[PDB]
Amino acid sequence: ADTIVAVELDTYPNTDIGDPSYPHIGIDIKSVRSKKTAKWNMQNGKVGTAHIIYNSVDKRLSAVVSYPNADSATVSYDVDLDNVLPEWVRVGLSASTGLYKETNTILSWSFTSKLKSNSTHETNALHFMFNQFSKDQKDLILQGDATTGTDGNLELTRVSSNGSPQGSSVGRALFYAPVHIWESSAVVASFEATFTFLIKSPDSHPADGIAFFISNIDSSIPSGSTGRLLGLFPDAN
């Protein structure tokens, strides 16, 4: 089915499916049950920044999430992405709410992928950077309830006019162009991603989270993947 590799910013602890009992960041490899998690001191109402990095030499997917004036949270996982994802993929952001809710607002998003071959001066690269989103963002594939242009931002989940996050919402945004992550002649392959988000909820228990993901180019939101499934997984296995 869809091959998913995601770094989740999980705001709601679903202890029955493996979530530690606190908001946390985790690395998901084809399963919502993170292979590795780190405690995340999430701040309701504050704008945060997440950095995701990986390279084919060290074979380690790492993520660093921070808020201004606070200590960051980090989580790493040794995994060879060549053995998990296809040659061509699509990168995106996903978010959902269930019985509980929060806004899943993205203010900016940047991604860089480089493949260096065994040739002199040969490097294939792709880099995009969104610091403001438009109502008609042709270079993005919006799925579910995701929309753009609301104050130049990307709203992954439904938000009513009065600025209230709706529940049972799921939305994803994928960059239009496929991304080449593996090439036979590459000696070094690497990608870096960064995005600033604003999670806000009128409740003491916001849910469910935001995830940066990499999937097969033809990925679609799995049916019933609202809430704890973050719009990425069809079930909790």
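A residue's number is simply how far along the shown sequence it sits, counting from 1.
Asker: Where do the C-alpha atoms have the higher mean temperature factor in this entry, in 164 to 172 or in 208 to 216?
Answerer: The stretch with the larger mean CA B-factor is 164 to 172.
Asker: Compare the mean C-alpha B-factor of 6 to 14 with that of 217 to 225 as given in the PDB entry, and name the stretch with the higher value.
Answerer: Here the higher of the two C-alpha B-factor means belongs to 217 to 225.
Asker: Among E155, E102, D139, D78, which carries the highest Cα B-factor?
Answerer: Highest C-alpha B-factor among the listed options: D78.
Asker: Considering only modelled residues of the same chain, in which third does the CA B-factor of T148 rank: lowest, middle or highest?
Answerer: Tercile = highest for this residue's CA B-factor.
Asker: Determine, from the deposited record, the chain-internal third of the Cα B-factor for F191: lowest, middle or highest.
Answerer: CA B-factor rank for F191: middle third.
Asker: Considering only modelled residues of the same chain, in which third does the CA B-factor of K39 rank: lowest, middle or highest?
Answerer: It belongs to the middle third of the chain when residues are ordered by C-alpha B-factor.
Asker: Looking at the C-alpha B-factor of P202, is it in the lowest, middle or highest third of its chain?
Answerer: Highest third of the chain for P202's C-alpha B-factor.
Asker: Would you please rank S96 by its C-alpha temperature factor against the other modelled residues of its chain and give the third it falls in: lowest, middle or highest?
Answerer: For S96, whose C-alpha B-factor we compare with every modelled residue in the chain, the answer is the lowest third.
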